[PDB]
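Chemist: I have a structure here, written as structure tokens, and I will follow up with some questions on it.
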Amino acid sequence: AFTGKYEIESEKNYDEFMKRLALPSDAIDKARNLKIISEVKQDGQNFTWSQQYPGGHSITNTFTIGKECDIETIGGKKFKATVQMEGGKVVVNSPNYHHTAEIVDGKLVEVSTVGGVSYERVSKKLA
Ligand SMILES: C[C@H](CCC(=O)NCC(=O)O)[C@H]1CC[C@H]2[C@@H]3[C@H](O)C[C@@H]4C[C@H](O)CC[C@]4(C)[C@H]3C[C@H](O)[C@]12C
């Protein structure tokens with residue numbers, strides 16, 4: 001809380017979210033019932049998040065709270081995003097995209113929200 005190596009507790013909306021993001025087939029297949037691992041090194045107000053992915057890909061992200069950050073690659077755009085703490089939860093916010101990151105039970109709860117879909121995640125800290 002916030003820092004740690006978290007494993008996925010569960011997910012329930014990923015496949016349809018990927019189509020709204022415009023991610024490829026070689027991402028929608030290779031998440032099909034993996035134990036994804038959320039790594040979270042906090043630097044202070046800065047963060048070094050990762051969603052590691054035992055299927056031959058992975059997604060790191062360094063960011064800062066109370067700022068915009070630049071974001072590339074994930075479906076072939078070059079976005080900026082506002083990056084923030086909502087009340088107790090961390091959050092990324094950008095055009096056609098909200099993504100909170102709340103704590104409960106010592107675990108992370110994420111909720112992503114895109115054009116016409118949401119995608120919650122529950123990621124347990126247990127290492
Ligand atoms: C900014 C882009 C989305 C931009 C976009 O394509 N919007 C239009 C659209 O959806 O059509 C999002 C999509 C997936 C996000 C990542 C995933 O949710 C996983 C992970 C979640 C963490 O809370 C913050 C870091 C990050 C790597 C996230 C960084 C960033 O928040 C990403 C890379």
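Just so we're on the same page: first chain in the structure tokens is A, next is B, and so on; residues restart at 1 for each chain, and ligands are numbered from 1 in the order they show up.
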Kindly compile the residues surrounding ligand 1 within 6 Å, counting only C-alpha atoms and all ligand atoms, and format them as a PyMOL selection string.
Modeler: chain A and resi 20-21+49-51+59-61+71+74+92+96-97+101+114
Chemist: May I have all residues of stretch 2-76 of chain A that DSSP, computed from the backbone, assigns to alpha helix (DSSP H), given as a list in words?
Modeler: residues 14, 15, 16, 17, 18, 19, 20, 21, 25, 26, 27 and 28 of chain A
Chemist: Dump N, CA, C and O atoms for the selected residues as a PDB file, in the first residue's frame?
Modeler:
```
ATOM      1  N   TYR A  14     -11.705  -7.842 -19.691  1.00  0.00           N
ATOM      2  CA  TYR A  14     -10.495  -7.376 -20.381  1.00  0.00           C
ATOM      3  C   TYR A  14     -10.715  -7.355 -21.906  1.00  0.00           C
ATOM      4  O   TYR A  14     -10.332  -6.435 -22.627  1.00  0.00           O
ATOM      5  N   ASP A  15     -11.345  -8.476 -22.408  1.00  0.00           N
ATOM      6  CA  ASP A  15     -11.284  -8.832 -23.842  1.00  0.00           C
ATOM      7  C   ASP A  15     -11.915  -7.683 -24.657  1.00  0.00           C
ATOM      8  O   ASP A  15     -11.364  -7.179 -25.633  1.00  0.00           O
ATOM      9  N   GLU A  16     -13.136  -7.249 -24.182  1.00  0.00           N
ATOM     10  CA  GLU A  16     -13.878  -6.191 -24.853  1.00  0.00           C
ATOM     11  C   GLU A  16     -13.213  -4.810 -24.713  1.00  0.00           C
ATOM     12  O   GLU A  16     -13.424  -3.906 -25.525  1.00  0.00           O
ATOM     13  N   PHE A  17     -12.441  -4.630 -23.596  1.00  0.00           N
ATOM     14  CA  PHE A  17     -11.717  -3.382 -23.371  1.00  0.00           C
ATOM     15  C   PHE A  17     -10.614  -3.223 -24.443  1.00  0.00           C
ATOM     16  O   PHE A  17     -10.301  -2.127 -24.916  1.00  0.00           O
ATOM     17  N   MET A  18      -9.973  -4.384 -24.831  1.00  0.00           N
ATOM     18  CA  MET A  18      -8.793  -4.316 -25.694  1.00  0.00           C
ATOM     19  C   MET A  18      -9.185  -3.760 -27.087  1.00  0.00           C
ATOM     20  O   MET A  18      -8.396  -3.145 -27.804  1.00  0.00           O
ATOM     21  N   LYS A  19     -10.470  -4.067 -27.486  1.00  0.00           N
ATOM     22  CA  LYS A  19     -11.004  -3.646 -28.776  1.00  0.00           C
ATOM     23  C   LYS A  19     -11.281  -2.122 -28.793  1.00  0.00           C
ATOM     24  O   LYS A  19     -11.315  -1.481 -29.841  1.00  0.00           O
ATOM     25  N   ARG A  20     -11.638  -1.563 -27.578  1.00  0.00           N
ATOM     26  CA  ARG A  20     -11.847  -0.115 -27.465  1.00  0.00           C
ATOM     27  C   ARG A  20     -10.500   0.655 -27.433  1.00  0.00           C
ATOM     28  O   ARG A  20     -10.407   1.851 -27.716  1.00  0.00           O
ATOM     29  N   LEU A  21      -9.430  -0.067 -26.942  1.00  0.00           N
ATOM     30  CA  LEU A  21      -8.086   0.490 -26.915  1.00  0.00           C
ATOM     31  C   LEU A  21      -7.413   0.423 -28.302  1.00  0.00           C
ATOM     32  O   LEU A  21      -6.467   1.166 -28.576  1.00  0.00           O
ATOM     33  N   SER A  25      -4.289  -8.860 -31.824  1.00  0.00           N
ATOM     34  CA  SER A  25      -4.640 -10.240 -31.527  1.00  0.00           C
ATOM     35  C   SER A  25      -3.584 -10.869 -30.604  1.00  0.00           C
ATOM     36  O   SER A  25      -3.924 -11.639 -29.707  1.00  0.00           O
ATOM     37  N   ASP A  26      -2.274 -10.528 -30.863  1.00  0.00           N
ATOM     38  CA  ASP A  26      -1.099 -10.988 -30.085  1.00  0.00           C
ATOM     39  C   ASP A  26      -0.957 -10.131 -28.789  1.00  0.00           C
ATOM     40  O   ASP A  26       0.085  -9.648 -28.353  1.00  0.00           O
ATOM     41  N   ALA A  27      -2.142 -10.024 -28.105  1.00  0.00           N
ATOM     42  CA  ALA A  27      -2.250  -9.474 -26.771  1.00  0.00           C
ATOM     43  C   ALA A  27      -3.543  -9.991 -26.116  1.00  0.00           C
ATOM     44  O   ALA A  27      -3.668 -10.126 -24.897  1.00  0.00           O
ATOM     45  N   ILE A  28      -4.596 -10.158 -26.997  1.00  0.00           N
ATOM     46  CA  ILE A  28      -5.912 -10.606 -26.557  1.00  0.00           C
ATOM     47  C   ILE A  28      -5.916 -12.130 -26.345  1.00  0.00           C
ATOM     48  O   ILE A  28      -6.695 -12.654 -25.544  1.00  0.00           O
TER      49      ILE A  28
END
```
Chemist: Using only C-alpha atoms, find each residue in stretch 3-108 of chain A having at least one atom no more than 10 Å away from stretch 123-127 of chain A; report its shortest atom-to-atom pair and that distance in Å (one decimal), rows by chain then rising number, as JSON lines.
Modeler:
```
{"residue": "A:3", "atom": "CA", "partner": "A:125", "partner_atom": "CA", "distance": 9.2}
{"residue": "A:4", "atom": "CA", "partner": "A:125", "partner_atom": "CA", "distance": 6.8}
{"residue": "A:5", "atom": "CA", "partner": "A:127", "partner_atom": "CA", "distance": 5.9}
{"residue": "A:6", "atom": "CA", "partner": "A:125", "partner_atom": "CA", "distance": 4.3}
{"residue": "A:7", "atom": "CA", "partner": "A:124", "partner_atom": "CA", "distance": 5.3}
{"residue": "A:8", "atom": "CA", "partner": "A:123", "partner_atom": "CA", "distance": 4.1}
{"residue": "A:9", "atom": "CA", "partner": "A:123", "partner_atom": "CA", "distance": 4.9}
{"residue": "A:10", "atom": "CA", "partner": "A:123", "partner_atom": "CA", "distance": 6.9}
{"residue": "A:11", "atom": "CA", "partner": "A:123", "partner_atom": "CA", "distance": 8.7}
{"residue": "A:35", "atom": "CA", "partner": "A:123", "partner_atom": "CA", "distance": 10.0}
{"residue": "A:36", "atom": "CA", "partner": "A:123", "partner_atom": "CA", "distance": 8.8}
{"residue": "A:37", "atom": "CA", "partner": "A:123", "partner_atom": "CA", "distance": 7.9}
{"residue": "A:38", "atom": "CA", "partner": "A:123", "partner_atom": "CA", "distance": 7.0}
{"residue": "A:39", "atom": "CA", "partner": "A:125", "partner_atom": "CA", "distance": 9.7}
{"residue": "A:103", "atom": "CA", "partner": "A:123", "partner_atom": "CA", "distance": 9.5}
{"residue": "A:104", "atom": "CA", "partner": "A:124", "partner_atom": "CA", "distance": 9.4}
{"residue": "A:105", "atom": "CA", "partner": "A:124", "partner_atom": "CA", "distance": 8.5}
{"residue": "A:106", "atom": "CA", "partner": "A:125", "partner_atom": "CA", "distance": 6.4}
{"residue": "A:107", "atom": "CA", "partner": "A:124", "partner_atom": "CA", "distance": 4.5}
{"residue": "A:108", "atom": "CA", "partner": "A:123", "partner_atom": "CA", "distance": 5.0}
```
Chemist: Just N, CA and C atoms for this one: save the residues we selected as a short mmCIF file (atom, residue, chain, number, x, y, z; two decimals), in the first residue's frame.
Modeler:
```
data_model
loop_
_atom_site.label_atom_id
_atom_site.label_comp_id
_atom_site.auth_asym_id
_atom_site.auth_seq_id
_atom_site.Cartn_x
_atom_site.Cartn_y
_atom_site.Cartn_z
N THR A 3 3.13 0.45 -2.47
CA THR A 3 4.27 -0.28 -3.05
C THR A 3 4.05 -1.81 -2.93
N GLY A 4 4.72 -2.56 -3.88
CA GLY A 4 4.85 -4.00 -3.78
C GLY A 4 4.83 -4.75 -5.12
N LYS A 5 5.01 -6.11 -4.97
CA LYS A 5 4.82 -7.07 -6.06
C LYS A 5 3.44 -7.70 -5.79
N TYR A 6 2.46 -7.40 -6.70
CA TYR A 6 1.09 -7.89 -6.58
C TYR A 6 0.87 -8.93 -7.69
N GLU A 7 0.12 -10.02 -7.34
CA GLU A 7 -0.38 -10.95 -8.35
C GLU A 7 -1.87 -10.62 -8.57
N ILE A 8 -2.43 -11.08 -9.74
CA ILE A 8 -3.84 -10.82 -10.03
C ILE A 8 -4.70 -11.76 -9.11
N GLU A 9 -5.70 -11.11 -8.41
CA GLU A 9 -6.72 -11.83 -7.62
C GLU A 9 -7.83 -12.29 -8.61
N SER A 10 -8.24 -11.36 -9.54
CA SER A 10 -9.21 -11.65 -10.61
C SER A 10 -9.40 -10.42 -11.55
N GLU A 11 -9.98 -10.73 -12.76
CA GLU A 11 -10.38 -9.75 -13.78
C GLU A 11 -11.70 -10.28 -14.38
N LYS A 35 -2.04 -15.64 -14.91
CA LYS A 35 -1.77 -14.94 -13.66
C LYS A 35 -0.80 -13.81 -14.06
N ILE A 36 -1.42 -12.61 -14.34
CA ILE A 36 -0.66 -11.37 -14.56
C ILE A 36 -0.14 -10.93 -13.16
N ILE A 37 1.02 -10.21 -13.19
CA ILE A 37 1.67 -9.72 -11.97
C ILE A 37 1.79 -8.19 -12.14
N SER A 38 1.16 -7.44 -11.17
CA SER A 38 1.33 -5.99 -11.12
C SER A 38 2.51 -5.70 -10.18
N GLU A 39 3.62 -5.13 -10.76
CA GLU A 39 4.72 -4.64 -9.93
C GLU A 39 4.46 -3.13 -9.71
N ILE A 103 -7.04 1.09 -3.11
CA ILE A 103 -6.58 0.04 -2.20
C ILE A 103 -7.79 -0.51 -1.40
N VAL A 104 -7.79 -1.88 -1.23
CA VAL A 104 -8.64 -2.52 -0.22
C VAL A 104 -7.93 -3.81 0.21
N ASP A 105 -8.12 -4.24 1.50
CA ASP A 105 -7.57 -5.52 2.02
C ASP A 105 -6.02 -5.70 1.92
N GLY A 106 -5.32 -4.53 1.65
CA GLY A 106 -3.91 -4.54 1.31
C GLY A 106 -3.59 -4.80 -0.18
N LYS A 107 -4.66 -5.23 -0.93
CA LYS A 107 -4.66 -5.39 -2.37
C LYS A 107 -4.90 -4.04 -3.08
N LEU A 108 -4.61 -4.09 -4.42
CA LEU A 108 -5.01 -3.04 -5.35
C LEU A 108 -6.37 -3.47 -5.96
#
```
Chemist: Looking at only C-alpha atoms, which of A:58, A:84, A:73, A:52 is the one that sits closest to residue A:22?
Modeler: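 The closest residue to residue A:22 is A:73.
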Chemist: State, in Å with one decimal place, the distance from atom CA of residue A:81 to atom CA of residue A:31.
Modeler: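 Separation of atom CA of residue A:81 and atom CA of residue A:31: 24.8 Å.
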Chemist: For atom CA of residue A:63 and atom CA of residue A:46, determine how far apart the two atoms are, in Å to one decimal place.
Modeler: 5.8 Å
Chemist: Counting only C-alpha atoms, which of A:57, A:13, A:1, A:89 gets nearest to residue A:113?
Modeler: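 With only C-alpha atoms as the atom set, the closest residue is A:13.
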Chemist: Assign secondary structure with DSSP using the backbone only, and return the residues of chain A in strand (DSSP E) as a ChimeraX atom specification.
Modeler: /A:4-11,37-42,46-53,57-64,67-72,78-85,90-94,97-104,107-114,117-125
Chemist: Restricting the calculation to only C-alpha atoms: of A:94, A:43, A:102, A:88, which residue gets closest to residue A:67?
Modeler: A:94
Chemist: Restricting the calculation to only C-alpha atoms, which member of A:62, A:100, A:45, A:93 is positioned closest to residue A:121?
Modeler: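 For residue A:121, the nearest of the candidates is A:100.
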Chemist: For residue A:109, which residue out of A:80, A:64, A:55, A:2 is the nearest one, using only C-alpha atoms?
Modeler: A:2
